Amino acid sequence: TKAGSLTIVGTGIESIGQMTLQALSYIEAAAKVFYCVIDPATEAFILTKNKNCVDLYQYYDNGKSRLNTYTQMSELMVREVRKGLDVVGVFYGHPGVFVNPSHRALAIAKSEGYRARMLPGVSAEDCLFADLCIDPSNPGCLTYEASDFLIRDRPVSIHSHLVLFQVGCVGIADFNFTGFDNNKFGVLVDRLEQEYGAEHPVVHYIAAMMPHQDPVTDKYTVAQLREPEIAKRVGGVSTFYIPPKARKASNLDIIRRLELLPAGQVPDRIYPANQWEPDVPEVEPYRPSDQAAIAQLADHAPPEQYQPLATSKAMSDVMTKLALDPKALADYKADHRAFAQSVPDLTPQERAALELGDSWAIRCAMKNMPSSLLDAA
């Protein structure tokens, strides 16, 4: 196989703390690090973890197209790959969510035969679910870029969540150092008034970027967005959450064919209610059957089929090492058997299970389950 690789990782949204353990370990093991982050504390942190770093942010400019900048950023990364080096690229948030240059660079490295991988990170939408206290599963989530939303006339749903990114950059294909003018914002507000109506709520969301700050979670009407004191608050790191207008009725034919309710009855919420919806009929946390479930806790014992963790220090140490040390992981992948034979202090059962590497084998080893094959080691 060819020598040289590209791994792209994220930093998360909130400064330093939202970086993953694996992103940190790949930054440290890199021969060379390229980064694009909007926070000085996060930049300073990255520089303490590797001696060979380059700031990609310097390739943005006034009156220079974003597409030119991304071609340049990706070419800087892949040139170092072609010289045989293990390269790491670092971007704000999740490095594949609204990020052009990472997908470009990974696809180039892949087509020329180099190992190429993206590691996921915490996105702005992840932070939004956490701070606004909503689940994308109830009642579904539609996610769009605000200009693409308008240009391609993409459909909304009044019964599901709607999230809109780049609401502070409506129809802007350029970069500007000192911020922008969001003069085309009014085209967006008209569209929202059409689809939802004038008194419908819209939450202006800004996740805290520094660990001491609070999130902006300010609820407005769509009509309030036309007032200028409110419009100027919207900027480059702003997101809109639009709650549902109403609950959608159940399809009676499907509820039958999946056989959940008997005929003759009706399906008329679960606690807690979405706090941001209009006209929300409040739900009680301690209903009668919740209280019976809580009373059963006194005589609760684990069911027979429950299997408690029953591992060793040596096995836990090696599985942790594989997740936190990329070079150890690389060595394991090249030859399972040899790596397994040289781990200190493992039992024969543990060696054989690590040699196989399969999920059922690691579980047998770490939960002390009988395996005919593994107990004979």
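Numbering starts at 1 and runs along the sequence shown.
Unmodelled deposited residues between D268 and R269: 1 to 3, per the record. For the two regions 24 to 32 and 55 to 63, the entry's Cα B-factors average higher over 55 to 63. As recorded in the PDB entry, 277 to 285 is the stretch of 277 to 285 and 296 to 304 with the greater mean C-alpha temperature factor. The entry assigns its greatest Cα B factor, within the set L260, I206, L164, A130, to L260. For the set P136, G197, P101, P120, the PDB entry assigns the largest Cα B-factor to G197. Among the modelled residues of its chain, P215 has a C-alpha B-factor that falls in the middle third according to the deposited record. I13: CA B factor in the lowest third of modelled residues in this chain (values from the PDB entry).
Per the deposited record, the Cα B-factor of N182 falls in the highest third when ranked against the other modelled residues of its chain. Ranked against the other modelled residues of its chain, the C-alpha B-factor of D126 as given in the entry falls in the lowest third. Sorting the modelled residues of the chain by their CA temperature factor places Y241 in the middle third.
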